[PDB]
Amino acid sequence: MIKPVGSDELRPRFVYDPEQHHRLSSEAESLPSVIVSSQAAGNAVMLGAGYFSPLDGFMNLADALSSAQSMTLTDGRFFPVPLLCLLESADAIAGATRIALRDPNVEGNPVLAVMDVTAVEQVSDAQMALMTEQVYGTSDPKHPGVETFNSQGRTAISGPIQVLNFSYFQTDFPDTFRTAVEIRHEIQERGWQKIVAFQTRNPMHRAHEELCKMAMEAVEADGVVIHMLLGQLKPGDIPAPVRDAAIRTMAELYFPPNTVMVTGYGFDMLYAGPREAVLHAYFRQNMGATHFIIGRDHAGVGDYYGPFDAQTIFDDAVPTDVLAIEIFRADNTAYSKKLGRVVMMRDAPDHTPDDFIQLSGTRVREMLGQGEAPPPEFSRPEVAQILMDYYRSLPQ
């Protein structure tokens, strides 16, 4: 198995021993407590689930400044983004060395983690601006990741945490949410030696299906982990049950036996483009993937990043040999009339534009909503049917 990043074994922060879990849960009900931001809560779930191994909790300001500017902690460990717990005020936990962190995204704000607080620090305007410009590559308040980061308050609490649950990501998505620990176990047992990871939050049509297959053939992979971003439903997104049925139907009918793992994780998007792509590679190595697909404008928003910056950041900016996972560099696909299959256009230089047929993800979605199956070059009939049945069911 590919090694975890920075250690020989994953070091998750979830309390796996049930007796210790029960004792901590009991203790937490009498501790001073704070409700954290959704960003900090996601950071805690990722730490609990082993995705951010081998880190122990939330960063002090020196580690956060070092991570933002250089992708390292002060002690030299590689980690690509700051992991901060920022609050409007630390008054409720003044002088406390042990506190409960409560979940902002579950009714009644239950305890998510217990934290040993080793520092409480105020972040200056200059420190915030430095971290913002370095992580997000802009100072524009129109950038949604910039706005969230700067909307949490300026008191940073730092120290190691013990995670008691995985929030609504597990409760709402019980069949798909997986820890990095369990994805690594499952890769191991299924016998896969090379494994491609692919992120999505919506149904996969033929273009994305074929991109996974191209990547698998190129690197001689034994399997693909489809790693779905779980979270609250965004306007125009496909509800989870329908999305899951579409992905699982594609996997069962169009891939060979024992080649697909359908899984998911919970973490708020940063919209940080090339910097977020490094974070993605980091946690995918932790879960056991050997290859990670990065296409055009990966993790991007607006016009802040160049189309392939998230690929090239791995050439220069990421320190040599900190990561063992390799990038499969994807690009736009089209159906080749000459070859009778979906290809990356860049890899068919013998073709003229007229040799391709193109149909966007937007156009596919429009057709499905009108009850018209897209051409079989772009959508599988059984996947199309699942989506058409969904759109037809709506009162709209």
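Numbers follow the displayed sequence, beginning with 1.
Comparing the deposited coordinates for 245-253 and 310-318, the stretch with the larger average C-alpha B-factor is 310-318. Taking the PDB entry as given, 63-71 carries the higher mean Cα B factor of the two stretches 63-71 and 46-54. Per the PDB record, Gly95 has a higher Cα B-factor than any other of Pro104, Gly153, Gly266, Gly95.
Of the candidates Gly223, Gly288, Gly159, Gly236, the deposited coordinates give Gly236 the top C-alpha B factor.
Ranked within its chain, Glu182 lands in the lowest third, by CA B factor from the PDB record. In this PDB entry, the Cα temperature factor of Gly300 sits in the middle third of its chain's modelled residues. Per-chain ranking of the deposited C-alpha B factor places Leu31 in the middle third. Among the modelled residues of its chain, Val15 has a C-alpha B-factor that falls in the lowest third according to the deposited record. Per the deposited record, the Cα B-factor of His280 falls in the lowest third when ranked against the other modelled residues of its chain.
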